[PDB]
Amino acid sequence: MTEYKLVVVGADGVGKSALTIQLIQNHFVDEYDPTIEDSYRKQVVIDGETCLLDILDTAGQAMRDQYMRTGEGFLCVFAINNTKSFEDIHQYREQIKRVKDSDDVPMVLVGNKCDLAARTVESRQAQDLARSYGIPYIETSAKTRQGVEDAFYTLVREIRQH
Ligand SMILES: Nc1nc2c(ncn2[C@@H]2O[C@H](COP(=O)(O)OP(=O)(O)CP(=O)(O)O)[C@@H](O)[C@H]2O)c(=O)[nH]1
Ligand SMILES: CN(C)Cc1[nH]c2ccccc2c1[C@H]1NC(=O)c2ccc(O)cc21
Ligand SMILES: [Mg+2]
Ligand SMILES: [Mg+2]
């Protein structure tokens with residue numbers, strides 16, 4: 001079966017761990033346990049083919065270059081009530097682009113915490129950013145599970161079709 005190396009990147013507290021744990025274990029982590037780094041594996045059927053996902057759940061915090069070289073696709077997560085995390089996406093893409101030496105790297109822009117009210121980043125702002133990069137934009141909630149499978153399986157598809 002085909003193996004996919006996915007990397008979940010993004011600023012502190014955006015929900016990188018909650019999204020990964022929701023896809024792997026089907027439950028929401030309510031507490032905030034800051035991540036050093038964890039990796040999870042899951043065997044799933046995507047478009048009739050059995051896939052092995054190896055997902056790297058990174059720290060929001062120089063030591064990011066090693067996983068960017070190995071990573072095949074990147075879930076670039078920001079929280080829709082965290083303007084700085086959305087702005088930080090530009091820096092993550094520039095670093096990934098530099099390490100991979102390529103303008104066409106599989107990525108999906110994810111606006112997490114879509115269950116929360118009073119958003120500070122509009123969907124239109126994130127759609128415009130994703131359009132400038134040529135990548136999909138998907139909103140998610142690790143709390144309700146909305147869009148979680150869609151975000152990861154859209155990224156698997158982006159890698160498979162690269
Ligand atoms: N309302 C809501 N809260 C969420 C959502 N996803 C994560 N959270 C909350 O945000 C906080 C941080 O989530 P966490 O998954 O640890 O984020 P992270 O980006 O992995 C944190 P670090 O960067 O330190 O690893 C937690 O309290 C968690 O429950 C979401 O979709 N909705
Ligand atoms: C092999 N797996 C059990 C772990 C794992 N899953 C991944 C998914 C995407 C990208 C990288 C990885 C890795 C590691 N392989 C690396 O090259 C690397 C660099 C820095 C790290 O922190 C971790 C890894
Ligand atoms: Mg985390
Ligand atoms: Mg504006």
Side-chain angles (χ1 to χ4, degrees), residues 2-24 35 42 44 46-49 51 53-62 64-162:
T2 306
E3 188 181 323
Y4 295 88
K5 295 295 219 221
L6 311 194
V7 186
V8 183
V9 305
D12 288 305
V14 300
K16 297 182 290 306
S17 296
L19 281 167
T20 307
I21 298 293
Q22 188 58 267
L23 188 85
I24 303 294
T35 305
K42 198 190 176 61
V44 289
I46 296 165
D47 300 326
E49 290 184 322
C51 301
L53 314 185
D54 185 352
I55 309 177
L56 189 75
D57 180 26
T58 74
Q61 186 174 1
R64 310 213 275 269
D65 288 10
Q66 297 91 100
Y67 64 75
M68 289 179 174
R69 214 164 290 143
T70 304
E72 291 176 313
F74 303 79
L75 206 75
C76 299
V77 188
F78 71 92
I80 69 163
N81 67 328
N82 184 339
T83 302
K84 188 185 183 299
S85 74
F86 172 66
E87 295 165 348
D88 282 355
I89 298 293
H90 180 63
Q91 286 271 61
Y92 284 111
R93 166 153 176 282
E94 290 298 312
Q95 195 176 357
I96 294 158
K97 179 199 299 183
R98 187 187 57 76
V99 170
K100 313 295 276 177
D101 193 21
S102 168
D103 208 344
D104 183 21
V105 172
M107 313 185 178
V108 169
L109 181 62
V110 171
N112 190 43
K113 311 209 185 174
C114 72
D115 57 281
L116 297 177
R119 69 153 74 208
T120 56
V121 183
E122 298 303 315
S123 183
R124 170 258 324 162
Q125 287 176 299
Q127 288 161 212
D128 281 0
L129 187 71
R131 181 175 307 99
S132 72
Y133 301 165
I135 72 184
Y137 174 54
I138 293 175
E139 297 197 347
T140 65
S141 171
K143 183 167 178 178
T144 71
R145 198 180 176 79
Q146 171 162 46
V148 175
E149 290 188 14
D150 291 352
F152 280 97
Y153 302 163
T154 295
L155 178 56
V156 167
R157 294 194 175 100
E158 287 293 306
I159 300 166
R160 186 185 71 191
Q161 306 299 120
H162 185 227

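The first residue of the sequence shown is numbered 1, and numbering continues consecutively from there. For the numbers below, each heavy atom of this structure counts, side chains included, while hydrogens, waters and symmetry mates do not.
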Report the C-alpha distance between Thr58 and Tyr67 in whole Å, list the side-chain angles of each, state the deciding distance to 0.1 Å, and finish with yes or no for side-chain contact (heavy atoms from CB on, under 4.5 Å). CA-CA 9 Å; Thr58 74; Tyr67 64 75; 3.6 Å; yes
For the residue pair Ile89 and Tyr133, establish whether any side-chain heavy-atom pair is separated by less than 4.5 Å. yes
In the structure I gave you, are the side-chain heavy atoms of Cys51 and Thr2 within less than 4.5 Å of one another anywhere? no
Would you indicate whether the side-chain heavy atoms of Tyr153 and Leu23 approach each other to under 4.5 Å? yes
Minimum side-chain heavy-atom gap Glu139-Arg119 below 4.5 Å: yes
Tell me, yes or no, whether the heavy-atom count around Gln66 atom CD, taken from other residues, nucleotides or ligands under 6.0 Å, exceeds 12. yes
Hey, what do you get for OG1 (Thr120) to CD (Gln125), rounding to the nearest 0.5 Å? 8.5 Å
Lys100, NZ: over 12 other non-hydrogen atoms inside 6.0 angstrom: yes
Nearest 0.5 Å, what's the CD1-OG distance between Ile80 and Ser123? 8.5 Å
Smallest separation among heavy atoms of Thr140 and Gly147, with atom names: CG2-O, 3.4 Å
Might you confirm whether atom CD of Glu94 has over 12 heavy atoms from other residues, nucleotides or ligands at distances under 6.0 Å? yes
Minimum-distance pair of heavy atoms, taken over all atoms of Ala142 and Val148: CA-CG2, 4.1 Å
Looking only at atom types and distance, does a side-chain atom of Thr154 sit under 3.5 Å from a main-chain N or O of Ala151, one as donor and one as acceptor? no
Measure the shortest side-chain to side-chain distance between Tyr4 and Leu155 over non-hydrogen atoms and say whether it is less than 4.5 angstrom. no
So CD of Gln127 and CZ of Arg131: to nearest 0.5 Å the spacing works out to 6.5 Å
Nearest atoms (heavy-atom pairs only) where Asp47 meets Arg160: OD2-NH1, 2.7 Å
Can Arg157 and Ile46 be said to form a side-chain contact (heavy atoms from CB on, under 4.5 Å), step by step? CA-CA 8 Å; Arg157 294 194 175 100; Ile46 296 165; 3.9 Å; yes
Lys97 side chain reached by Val105 side chain, heavy atoms, under 4.5 Å: no
Is there a side-chain contact between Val8 and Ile55 in this structure, where contact means two heavy atoms from C-beta onward sitting under 4.5 Å apart? yes
Ion pair present between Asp88 and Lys84, side-chain N to carboxylate O less than 4.0 angstrom? yes
How far does CD of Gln146 sit from CD1 of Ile138, to the nearest 0.5 angstrom? 11.5 Å
Considering all heavy atoms, the nearest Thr35-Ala59 contact: O-CB, 3.4 Å
Working for side-chain contact (heavy atoms from CB on, under 4.5 Å), residues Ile96 and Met107: CA-CA 10 Å; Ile96 294 158; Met107 313 185 178; 3.7 Å; yes
About how many Å separate CG of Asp65 and CD of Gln95, when rounded to the nearest 0.5 Å? 5.0 Å
Going by atom types alone, do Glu87 and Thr83 pair a side-chain donor with an acceptor below 3.5 Å? no
Residue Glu49 excluded, over 12 heavy atoms near CD under 6.0 Å: no
Carboxylate-amine/guanidinium proximity below 4.0 Å for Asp103 and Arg93: yes
Could you name each residue pair satisfying ring-ring contact (aromatic ring centres under 6.0 Å, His included) that touches residues 79-126, not counting sequence neighbours? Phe78-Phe86
Would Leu6 and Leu75 count as a side-chain contact (heavy atoms from CB on, under 4.5 Å) if you check the C-alpha gap in whole Å, the side-chain angles of each, and the deciding distance to 0.1 Å? CA-CA 7 Å; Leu6 311 194; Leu75 206 75; over 6 Å; no
For residues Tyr137 and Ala126, report the shortest heavy-atom separation together with the two atoms involved. CZ-CB, 3.3 Å
Over all heavy atoms of both residues, which pair between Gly10 and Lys16 is shortest? Give the atoms and the distance, please. O-NZ, 3.0 Å
Spatial distance of atom CD (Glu3) from atom CD (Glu72) [nearest 0.5 Å]: 7.5 Å
Please check this pair: side chain of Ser85 against backbone of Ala11, looking for a donor-acceptor N/O pair closer than 3.5 Å. no
With the side chain counted from C-beta on, respond yes when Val14 and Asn112 share a heavy-atom pair under 4.5 Å apart, and no when they do not. no
